[PDB]
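Asks: Following this message is one structure expressed as structure tokens.
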Amino acid sequence: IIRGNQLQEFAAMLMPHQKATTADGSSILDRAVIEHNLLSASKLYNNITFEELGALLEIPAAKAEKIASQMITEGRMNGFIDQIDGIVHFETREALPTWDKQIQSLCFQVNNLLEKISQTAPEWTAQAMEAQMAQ
Amino acid sequence: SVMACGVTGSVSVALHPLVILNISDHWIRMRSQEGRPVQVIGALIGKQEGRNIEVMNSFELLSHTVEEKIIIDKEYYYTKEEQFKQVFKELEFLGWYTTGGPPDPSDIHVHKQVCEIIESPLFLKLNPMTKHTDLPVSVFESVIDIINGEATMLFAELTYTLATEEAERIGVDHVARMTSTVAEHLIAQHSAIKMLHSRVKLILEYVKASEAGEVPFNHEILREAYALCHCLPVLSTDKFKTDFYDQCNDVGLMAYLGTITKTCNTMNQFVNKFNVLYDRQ
Amino acid sequence: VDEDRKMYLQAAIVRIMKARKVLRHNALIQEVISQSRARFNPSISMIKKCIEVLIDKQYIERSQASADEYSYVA
Amino acid sequence: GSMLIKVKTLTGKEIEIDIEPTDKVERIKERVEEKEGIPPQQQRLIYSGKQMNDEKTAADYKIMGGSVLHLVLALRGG
Amino acid sequence: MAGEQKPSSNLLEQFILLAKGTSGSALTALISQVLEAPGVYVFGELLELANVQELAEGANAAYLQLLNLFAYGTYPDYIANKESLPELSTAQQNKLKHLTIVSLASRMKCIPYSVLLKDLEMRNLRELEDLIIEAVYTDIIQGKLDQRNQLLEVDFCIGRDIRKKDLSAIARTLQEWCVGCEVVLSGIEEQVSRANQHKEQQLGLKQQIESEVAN
Amino acid sequence: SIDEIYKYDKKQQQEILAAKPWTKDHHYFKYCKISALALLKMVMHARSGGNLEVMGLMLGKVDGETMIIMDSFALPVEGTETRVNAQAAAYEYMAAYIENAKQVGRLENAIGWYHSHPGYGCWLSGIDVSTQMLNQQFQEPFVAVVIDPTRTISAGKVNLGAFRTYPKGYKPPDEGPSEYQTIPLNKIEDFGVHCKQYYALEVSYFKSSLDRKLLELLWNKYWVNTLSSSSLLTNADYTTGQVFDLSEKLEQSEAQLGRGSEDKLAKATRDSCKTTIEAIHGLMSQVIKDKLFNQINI
Ligand SMILES: [Zn+2]
């Protein structure tokens with residue numbers, strides 16, 4: 001999520017017909033970048049409002065939710081809404097989903113540490129193996 | 001001892017467990033044919049789930065002795081798969097099991113042999129003539145890289161599980177016990193849990209030693225245990241609380257109806273015999 | 001000669017195509033050549049068009065696997 | 001199999017198989033795929049410009065030894 | 001050099017040879033370049049060297065204070081102990097904030113926003129979720145923003161530090177609770193070896209009765 | 001020895017194969033020694049077959065008074081349960097396989113018929129009773145190896161029956177099991193036409209000690225999978241189909257016991273209790289995982 005003059009230098013990379021730009025003034029690539037930007041934010045985040053996320057994006061909350069509804073006027077959007085409460089929403093994926101999430105999360109975490117120490121302690125690997133044969 | 005320490009491939013197939021028994025069965029076949037523990041070959045297949053391998057199904061094959069080396073009779077195996085690919089098309093030749101000591105240049109050689117039907121095949125090593133407590137399955141896979149000016153393949157091991165098929169699991173439970181069906185169910189639970197129990201218990205043991213003494217002091221030991229204790233009961237959430245009210249109420253009203261089924265069958269038989277002796281049914 | 005041979009061929013071609021789905025492009029056209037050795041010398045190219053002709057009628061489809069090697073439909 | 005018929009691919013691959021005079025081409029398909037990896041559902045069995053019913057007997061179409069059971073079939077199996 | 005969860009992989013033999021050869025003020029430069037190492041903010045086996053032992057309690061005894069803070073302390077400790085420890089960068093000050101916050105989410109399922117706003121001196125939403133998203137962006141944090149609970153949803157935590165030692169007591173409390181759930185579930189196991197093993201016996205005998213009812 | 005029965009004495013096996021005890025008594029074969037290849041792809045290829053019926057050749061042998069199923073499984077085919085002698089068409093499989101199986105010392109020969117009725121069995125229906133009867137007058141020793149895939153899905157046990165059908169002229173003697181089974185409309189009439197023309201073999205299983213150790217070690221890491229099922233979500237719809245089916249069966253039990261398929265009311269009470277037990281034990285395992293992992297409080 002890179003910002004304006006973090007890549008206004010990319011203006012130099014652009015083309016005259018491209019450096020001729022849009023109606024609302026966010027150029028073609030600018031709003032493209034916002035699709036990109038907010039897409040990062042979107043794939044990330046759980047739920048946010050639009051004074052929240054517009055001040056986040058330094059832009060009108062009007063525009064925020066507005067062109068959200070446009071971001072799904074693409075149909076590349078997934079999530080859901082309350083216009084009135086002015087919120088969009090993450091989802092908590094909560095359940096059996098999160099259950100096996102951290103179930104096999106811990107599975108891989110445990111086996112990570114297991115074989116880290118089995119290679120750091122292959123001698124102690126054999127010793128633990130001995131005592132577990134006792135087990 | 002030319003092995004190459006590499007990475008994964010294209011494994012995913014379906015499994016049934018007597019083909020593990022056919023790992024056993026090819027070893028028994030070649031052994032009875034030769035009167036000796038025969039370092040055999042067998043058509044490994046398995047599950048590939050993301051980054052997980054599961055080396056499962058591998059039956060009898062042809063392992064000729066080329067002067068020292070195990071040999072997939074390659075075009076023989078081609079014959080063989082066409083002899084079962086007509087109907088065993090749900091399975092694909094992932095690799096080959098054998099029987100012997102550790103992986104050797106003959107095992108490397110027939111693994112390369114398995115590397116000629118496909119690009120990145122798998123390696124399994126079993127032996128009833130080896131001396132371990134673990135499930136005797138070694139599993140190898142390939143990178144292609146550049147070292148010391150030589151461009152070479154790379155073969156190294158990854159870990160597995162076994163199939164999750166319903167009737168397959170039922171048969172596993174029986175043939176393990178061979179006598180109470182969820183008991184015949186939960187013992188697969190018990191077996192896997194005890195396996196990882198030995199795993200994280202060896203973990204526990206060398207762990208305890210860390211804090212004890214004469215065993216390496218690392219900050220990545222328990223720390224994960226802290227992660228675990230914040231992994232405690234997932235979803236306090238009231239979300240699943242309602243969800244499980246849902247589940248158990250569903251099944252329980254199911255059972256309520258079945259209080260219905262049972263006593264209604266009883267009632268119908270009662271009305272029968274009432275129409276039997278009190279009446280002319 | 002050209003219109004009556006073309007009609008005779010459309011039927012012989014669809015009937016093959018229903019029977020066995022080749023079906024490949026290249027190998028298919030070769031096999032087609034094999035079936036009518038006696039008839040006359042065809043165009044090696046237009047092999048493409050040949051399958052194309054059957055693609056339209058809902059007689060045989062185009063598989064994903066190759067520019068050649070399609071599948072039979074209907 | 002008492003009836004020793006031929007299952008033929010589009011390219012002419014006539015395969016010798018032991019079936020019965022009431023053996024289902026439904027299972028004759030099973031036979032062709034269990035023998036040649038080419039599965040039978042694109043081994044579309046057509047009889048004289050008209051399809052053979054996948055659920056029938058070979059002898060239903062007076063099929064015999066040198067008879068032909070059409071594939072049109074696939075190439076990857078073979 | 002070695003690779004699992006840790007800071008910039010140079011650091012191990014980096015600061016080994018540094019403290020070995022860089023000491024006093026060279027040791028201070030050692031420490032200054034140690035400062036940015038996130039996943040190893042604690043140096044148990046790296047303070048194993050007497051070079052770091054003199055790093056500690058030498059000129060940089062305040063830095064051993066800070067190191068133990070990484071092991072034990074928090075950034076809000078610094079919010080109180082603003083002078084005790086050595087200097088830190090605003091990046092590294094936020095890094096100690098992330099110390100205490102990853103420890104917190106390590107504690108809870110989801111730590112409240114106001115919790116870290118207040119203990120970590122965080123004033124408002126903007127900077128709050130800035131450092132939040134950068135923490136998660138480190139990939140230490142799984143889960144998501146738990147806004148409704150005013151928390152941070154947490155599905156996975158990479159290890160923050162080496163966190164000098166409750167290690168013994170840590171692993172043994174682990175052994176404790178592991179065995180506790182184990183014995184709960186094993187009592188269940190043998191209640192199962194009772195019940196539907198009892199179900200086997202009961203129905204077998206009841207069927208014996210029913211069969212003998214005939215003749 | 002545990003491997004004493006894995007010994008395929010092609011001598012002895014093909015000896016009893018040519019023995020023809022069935023032509024002396026068609027009830028000689030009482031046992032069915034099986035190696036778990038039957039279970040193997042029978043199970044997972046009836047299940048992987050979706051609902052598509054299949055057919056073909058089983059590996060095997062004969063031992064003493066015992067048919068032996070070294071193999072049984074499914075096709076990716078259809079038509080079985082209605083094909084005029086389906087199974088034949090897959091024998092091309094070990095028209096080749098067994099042959100160069102001998103090239104590895106699998107000197108076995110073809111013995112039977114692999115198959116599966118995905119979702120509703122592994123057997124021979126009305127037209128396949130033409131199949132079964134004709135072929136046992138064609139191919140004896142022949143068996144109706146019977147196990148239902150989705151029955152073994154919601155049942156937890158392998159109801160295996162090697163059904164040497166009673167050939168024409170040979171009636172069920174004292175021991176004809178004749179496993180009555182709920183058949184679709186297509187073949188229930190012809191099952192009533194032929195429900196008592198077959199008996200079952202005492203289907204035992206043989207293996208090695210390595211086999212047992214492998215299954216135990218399987219469980220020893222499958223238990224993690226055990227606590228990760230989520231199968232109440234799996235076939236709750238299957239439970240719903242049973243809902244409809246059961247209300248229907250009570251409708252039909254109604255229609256039977258009205259004035260005067262035997263006692264459909266009692267059979268329906270039985271099967272209702274059964275399927276409810278099925279769903280309840282699914283809920284059992286799921287609540288098990290739930291209460292376990294969700295009662296883990298910090
Ligand atoms: Zn039939």
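Lettering and numbering for the structure tokens are positional, with chains as A, B, ... in the shown order, residues counted from 1 in each chain, and ligands counted from 1 in the shown order.
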When the cut-off is 6 Å and we count only C-alpha atoms, which residues of chain F are near chain D, given as an MDAnalysis selection string?
Replies: chainID F and resid 77 79 83:93
Asks: Could you tell me, as a PyMOL selection string, which residues of chain A DSSP assigns to alpha helix (DSSP H) when given the backbone?
Replies: chain A and resi 10-13+16-19+28-44+50-56+61-74+96-120+122-134
Asks: Let me have all residues with an atom within 7 Å of ligand 1, counting only C-alpha atoms and all ligand atoms, laid out as a PyMOL selection string.
Replies: chain F and resi 80-86+124-132
Asks: May I have the selected residues written with C-alpha atoms, as a PDB file, in the first residue's frame?
Replies:
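Below you can see again24.pdb, which holds the result:
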ATOM      1  CA  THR F  80     -24.348 -52.394 -13.776  1.00  0.00           C
ATOM      2  CA  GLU F  81     -27.528 -53.272 -11.839  1.00  0.00           C
ATOM      3  CA  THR F  82     -29.189 -53.283 -15.297  1.00  0.00           C
ATOM      4  CA  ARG F  83     -26.633 -54.666 -17.802  1.00  0.00           C
ATOM      5  CA  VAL F  84     -27.101 -57.967 -19.574  1.00  0.00           C
ATOM      6  CA  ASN F  85     -24.082 -59.676 -18.023  1.00  0.00           C
ATOM      7  CA  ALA F  86     -22.267 -56.427 -17.268  1.00  0.00           C
ATOM      8  CA  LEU F 124     -26.361 -58.279  -9.504  1.00  0.00           C
ATOM      9  CA  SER F 125     -29.890 -56.951 -10.131  1.00  0.00           C
ATOM     10  CA  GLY F 126     -32.722 -58.394 -12.223  1.00  0.00           C
ATOM     11  CA  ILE F 127     -30.898 -58.247 -15.552  1.00  0.00           C
ATOM     12  CA  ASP F 128     -27.751 -58.842 -13.553  1.00  0.00           C
ATOM     13  CA  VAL F 129     -29.572 -61.790 -11.985  1.00  0.00           C
ATOM     14  CA  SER F 130     -29.718 -63.033 -15.526  1.00  0.00           C
ATOM     15  CA  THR F 131     -26.013 -62.136 -15.363  1.00  0.00           C
ATOM     16  CA  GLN F 132     -25.418 -63.892 -12.027  1.00  0.00           C
TER      17      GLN F 132
END
Asks: Would you mind listing what lies within 8 Å of residue B:255 as a PyMOL selection string, with only C-alpha atoms counted and same-chain residues fewer than 6 positions away left out?
Replies: chain F and resi 276-277+280
Asks: Just write the chosen residues, N, CA, C and O atoms, as a PDB file, in the first residue's frame.
Replies:
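Final output, saved to again-v4.pdb:
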ATOM      1  N   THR F 276     -31.644 -42.975  12.097  1.00  0.00           N
ATOM      2  CA  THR F 276     -31.552 -41.990  13.163  1.00  0.00           C
ATOM      3  C   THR F 276     -30.311 -42.233  13.999  1.00  0.00           C
ATOM      4  O   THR F 276     -29.620 -41.286  14.379  1.00  0.00           O
ATOM      5  N   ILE F 277     -30.018 -43.500  14.291  1.00  0.00           N
ATOM      6  CA  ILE F 277     -28.764 -43.863  14.941  1.00  0.00           C
ATOM      7  C   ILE F 277     -27.585 -43.347  14.138  1.00  0.00           C
ATOM      8  O   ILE F 277     -26.594 -42.858  14.693  1.00  0.00           O
ATOM      9  N   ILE F 280     -27.325 -39.645  14.479  1.00  0.00           N
ATOM     10  CA  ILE F 280     -27.018 -39.334  15.864  1.00  0.00           C
ATOM     11  C   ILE F 280     -25.555 -39.599  16.161  1.00  0.00           C
ATOM     12  O   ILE F 280     -24.929 -38.855  16.909  1.00  0.00           O
TER      13      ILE F 280
END
Asks: Closest to chain E among A:61, A:131, A:118, A:48, using only C-alpha atoms?
Replies: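 For chain E, the nearest of the given residues is A:48.
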Asks: Given only C-alpha atoms, how would the per-residue table for chain A near chain B read, listing every residue at most 9 Å away with its closest atom pair and distance in Å to one decimal, sorted by chain and number, as CSV?
Replies:
residue,atom,partner,partner_atom,distance
A:94,CA,B:235,CA,5.9
A:95,CA,B:240,CA,5.6
A:96,CA,B:240,CA,8.0
A:98,CA,B:234,CA,7.1
A:99,CA,B:234,CA,5.6
A:102,CA,B:231,CA,6.8
A:103,CA,B:231,CA,8.4
A:106,CA,B:228,CA,7.0
A:109,CA,B:224,CA,7.4
A:110,CA,B:200,CA,7.3
A:111,CA,B:200,CA,8.2
A:113,CA,B:221,CA,7.0
A:114,CA,B:203,CA,5.9
A:117,CA,B:203,CA,8.0
A:118,CA,B:203,CA,8.6
A:120,CA,B:216,CA,8.2
A:121,CA,B:206,CA,8.0
A:124,CA,B:206,CA,6.5
A:125,CA,B:202,CA,7.6
A:127,CA,B:206,CA,8.3
A:128,CA,B:202,CA,4.9
A:129,CA,B:202,CA,6.6
A:131,CA,B:202,CA,7.7
A:132,CA,B:198,CA,6.2
A:133,CA,B:133,CA,7.3
A:135,CA,B:198,CA,7.5
Asks: Identify, on the basis of only C-alpha atoms, every residue whose closest approach to residue B:96 does not exceed 10 Å; exclude the query and any residue fewer than 2 positions from it along the same chain; express the result as a ChimeraX atom specification.
Replies: /B:23,40-45,55,57-61,72,93-94,98,107,110-111,113-114,121-126,139
